[PDB]
Engineer: 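Here you go, one structure.
Numbers for residues simply follow the sequence, beginning at 1.
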Amino acid sequence: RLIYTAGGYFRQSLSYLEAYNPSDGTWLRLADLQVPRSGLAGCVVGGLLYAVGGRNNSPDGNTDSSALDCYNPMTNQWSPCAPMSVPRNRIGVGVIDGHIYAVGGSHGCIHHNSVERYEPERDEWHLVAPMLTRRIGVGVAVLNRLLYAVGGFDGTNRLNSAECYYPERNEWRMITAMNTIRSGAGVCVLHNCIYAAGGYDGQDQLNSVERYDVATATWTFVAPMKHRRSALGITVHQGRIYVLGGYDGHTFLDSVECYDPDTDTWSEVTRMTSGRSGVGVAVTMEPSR
């Protein structure tokens with residue numbers, strides 16, 4: 001029931017965990033991340049909210065993060081998990097069958113093509129087959145138990161290419177590229193389509209939104225957001241898409257926009273308590289309190 005946003009960046013990495021109630025209007029302030037992190041991803045397995053990778057930008061210094069941390073709304077408490085094999089700033093993650101897949105990201109000057117899988121019931125990570133492409137700022141979505149990695153930055157070029165991970169074959173296969181090159185887009189799975197919203201093509205922050213249909217293996221341009229934004233947070237709540245924050249080339253946005261697929265329209269629904277980009281976002285049960 002609530003939209004949780006963890007971490008982010010507002011001229012320094014942030015610790016915030018805040019949850020938006022799309023009915024009430026309210027933002028709830030919850031327990032801070034142990035460590036401030038930007039460029040992380042969020043996901044939910046078995047009701048727990050996971051914060052994965054990212055980077056700690058502080059005045060004391062900067063360090064990419066391999067950390068996995070788990071938040072429990074019934075206790076309003078964070079607990080650490082076993083970390084990834086490598087730090088991963090600007091990671092994408094997706095969940096297949098109760099397992100968390102960590103995709104791409106960077107570590108200093110290394111641009112990962114590696115991919116690894118977390119099993120919550122054993123608190124253990126294992127490497128899986130690497131992507132065909134090094135991708136940082138990669139968008140990740142799962143559609144029909146397949147894991148898609150969309151766009152990103154390979155360290156030299158930004159990418160419109162997409163590829164598809166078959167968990168039980170353990171291999172990646174290229175699929176149809178998007179219309180638009182995008183790093184730091186919001187990618188999620190609505191109904192039966194993969195959406196890719198915003199991002200950065202190396203010249204402009206983007207407001208366009210496109211969506212992949214597996215059946216026709218085709219990307220179709222849809223209604224664009226109101227605000228160009230890169231490094232936005234994104235999630236799906238009650239059959240609608242929410243995008244949070246991001247960076248428009250000048251300001252760190254607090255704008256939250258909501259996409260209604262039955263009307264193909266975006267509208268602004270709230271403002272975050274403060275502008276930020278690079279947050280981790282996901283949906284789970286509201287805190288007991």
Side-chain angles (χ1 to χ4, degrees), residues 3-20 27-43 49-71 76-81 83-84 86-93 102 104-112 136-139 152-153 155 158 183-186 198-200 202 205-206 227-235 242-257 270-282:
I3 292 161
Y4 292 78
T5 179
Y9 183 86
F10 190 41
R11 318 158 152 182
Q12 100 163 31
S13 294
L14 313 169
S15 284
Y16 302 132
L17 172 62
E18 281 165 319
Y20 173 62
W27 284 98
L28 225 37
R29 182 71 187 279
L30 293 180
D32 281 359
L33 283 163
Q34 256 309 302
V35 174
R37 299 145 65 176
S38 67
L40 80 171
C43 60
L49 163 74
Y50 290 86
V52 198
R55 161 184 271 252
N56 175 8
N57 289 298
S58 281
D60 42 78
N62 317 286
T63 309
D64 302 310
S65 181
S66 65
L68 175 77
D69 299 276
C70 187
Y71 173 80
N76 186 37
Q77 294 186 323
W78 284 99
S79 324
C81 308
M84 292 172 307
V86 294
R88 296 170 182 280
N89 182 28
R90 300 185 180 261
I91 190 176
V93 311
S106 63
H107 174 28
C109 75
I110 293 155
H111 315 262
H112 297 312
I136 75 197
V138 58
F153 179 51
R158 287 164 181 99
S183 70
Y200 176 56
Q205 297 88 22
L206 309 161
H227 303 295
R228 317 188 153 260
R229 45 180 95 215
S230 172
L232 64 142
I234 191 165
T235 195
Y242 292 77
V243 302
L244 286 73
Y247 172 71
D248 74 351
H250 307 271
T251 37
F252 293 83
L253 309 179
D254 50 14
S255 194
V256 175
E257 281 184 64
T270 198
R271 297 208 209 141
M272 299 180 75
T273 61
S274 50
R276 56 198 84 150
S277 58
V279 299
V281 185

Engineer: Strictly distance-based, threshold 3.5 Å: is any side-chain N or O of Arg37 a donor or acceptor partner for the main-chain N or O of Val35?
Structural biologist: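 Pair absent, no side-chain N/O of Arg37 close to backbone of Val35.
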Engineer: How many angstroms lie between atom OG of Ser65 and atom NE2 of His107, to the nearest 0.5 angstrom?
Structural biologist: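 It comes to 10.5 Å.
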Engineer: Should we say atom CD of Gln12 is surrounded by more than 12 heavy atoms from elsewhere, each under 6.0 Å from it?
Structural biologist: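 Enclosed.
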Engineer: Which atom names give the shortest non-hydrogen contact between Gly198 and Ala185, and what distance separates them?
Structural biologist: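 Closest approach of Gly198 to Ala185, heavy atoms only: O-CB, 3.4 Å.
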Engineer: Determine whether a donor-acceptor pair (N or O, by modelled atom type, separation under 3.5 Å) exists between the side chain of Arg55 and the backbone of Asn62.
Structural biologist: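 Pair absent, no side-chain N/O of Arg55 close to backbone of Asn62.
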Engineer: So, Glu257 side chain and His227 main chain: donor-acceptor pair closer than 3.5 Å or not?
Structural biologist: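 Side chain of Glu257 to backbone of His227: a pair is present.
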Engineer: Check whether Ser58 reaches the backbone of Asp60 with its side chain - one donor and one acceptor, N or O, closer than 3.5 Å.
Structural biologist: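 No; zero donor-acceptor contacts below 3.5 Å.
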Engineer: If the plane angle is over 60° it's perpendicular, under 30° parallel, otherwise tilted; pick one for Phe252 and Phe10.
Structural biologist: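 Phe252 vs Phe10 ring planes: perpendicular.
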Engineer: For residues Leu17 and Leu49, determine if any side-chain heavy atom of one lies less than 4.5 Å from a side-chain heavy atom of the other.
Structural biologist: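 When only atoms from C-beta onward are counted, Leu49 and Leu17 do touch, with a gap below 4.5 Å.
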Engineer: How long is the straight-line distance from CG of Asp248 back to CD of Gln205, given to the nearest 0.5 Å?
Structural biologist: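 Going from the CD atom of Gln205 to the CG atom of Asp248 covers 6.5 Å.
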Engineer: Would you give the length of the straight line joining atom CG of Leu30 to atom CG of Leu28, rounded to the nearest 0.5 angstrom?
Structural biologist: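 Between atom CG of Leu30 and atom CG of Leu28 there are 5.0 Å.
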Engineer: Evaluate the criterion side-chain contact (heavy atoms from CB on, under 4.5 Å) for residue pair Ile136 and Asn89; output intermediate values, then yes/no.
Structural biologist: CA-CA 8 Å; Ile136 75 197; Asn89 182 28; over 6 Å; no
Engineer: I want to check something: taking the side chain as every heavy atom from C-beta on, are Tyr16 and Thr5 in contact at a cut-off of under 4.5 Å?
Structural biologist: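 Side-chain contact under 4.5 Å: no.
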Engineer: Against the six-membered ring of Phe153, is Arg158 placed for a cation-pi contact (under 6.0 Å from the centre, within 45° of the normal)?
Structural biologist: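 That pair qualifies as a cation-pi contact.
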Engineer: Nearest 0.5 Å, what's the OG-CG distance between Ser13 and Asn57?
Structural biologist: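 Going from OG on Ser13 over to CG on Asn57, the span is 4.0 Å.
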Engineer: Would you confirm whether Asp69, through its side chain, and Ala51, through its main-chain N or O, come within 3.5 Å as a donor-acceptor pair?
Structural biologist: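 Between the backbone of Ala51 and the side chain of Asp69 there is no qualifying donor-acceptor contact (under 3.5 Å).
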Engineer: Quick one: does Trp78's side chain get under 4.5 Å of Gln34's, heavy atoms only?
Structural biologist: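 Contact flag for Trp78/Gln34 side chains = no.
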Engineer: Taking all atoms of both residues into account, what is the closest heavy-atom pair of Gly8 and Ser38, and its distance?
Structural biologist: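 Heavy atoms only, the tightest pair is O-CB, 3.3 Å.
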Engineer: Check step by step if side-chain contact (heavy atoms from CB on, under 4.5 Å) holds for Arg88 and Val52.
Structural biologist: CA-CA 8 Å; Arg88 296 170 182 280; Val52 198; over 6 Å; no
Engineer: Working to the nearest 0.5 Å, report the span between OH of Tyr20 and OG1 of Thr235.
Structural biologist: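 Between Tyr20 OH and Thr235 OG1, I get 13.5 Å after rounding to 0.5 Å.
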Engineer: Can you name the nearest heavy-atom pair linking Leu68 to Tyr50, along with the distance?
Structural biologist: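 Heavy atoms only, the tightest pair is CD1-CD2, 3.7 Å.
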Engineer: Between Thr270 and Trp27, does the side-chain contact (heavy atoms from CB on, under 4.5 Å) criterion hold? Intermediate values first, please.
Structural biologist: CA-CA 9 Å; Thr270 198; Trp27 284 98; 3.6 Å; yes
Engineer: Is it true that a side-chain atom of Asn76 and a backbone atom of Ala31 form a donor plus acceptor pair closer than 3.5 Å?
Structural biologist: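 Side chain of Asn76 to backbone of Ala31, a donor-acceptor pair under 3.5 Å: yes, one is there.
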Engineer: Out of curiosity, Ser230 OG to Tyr247 OH, how far, rounded to the nearest 0.5 Å?
Structural biologist: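 These two atoms lie 9.0 Å from each other.
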Engineer: Under the salt bridge (charged side-chain N to carboxylate O under 4.0 Å, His left out) test, which residues partner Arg90, sequence neighbours left out?
Structural biologist: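 Checked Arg90 against salt bridge (charged side-chain N to carboxylate O under 4.0 Å, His left out); zero matches.
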Engineer: Show the nearest heavy-atom pair for residues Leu232 and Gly199, with the distance to one decimal.
Structural biologist: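 Heavy-atom minimum between the residues: CD2-N, 4.1 Å.
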Engineer: Do any N or O atoms from the side chain of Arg229 and from the backbone of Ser255 form a donor-acceptor pair under 3.5 angstrom?
Structural biologist: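 Yes, the answer is positive, given that a donor and an acceptor are paired below the 3.5 Å cut-off.
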Engineer: Using salt bridge (charged side-chain N to carboxylate O under 4.0 Å, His left out) as the criterion, list what pairs up with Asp32, not counting sequence neighbours.
Structural biologist: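 Applying salt bridge (charged side-chain N to carboxylate O under 4.0 Å, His left out) to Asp32 gives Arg29.
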Engineer: Given 3.5 Å as the limit, does a donor-acceptor pair link the side chain of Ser66 with the main chain of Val86, or not?
Structural biologist: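 No; zero donor-acceptor contacts below 3.5 Å.
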Engineer: Please give me the minimum heavy-atom distance between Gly233 and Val279, naming the atom from each residue.
Structural biologist: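 In terms of heavy atoms, the two residues are closest at CA-CG2, 3.7 Å.
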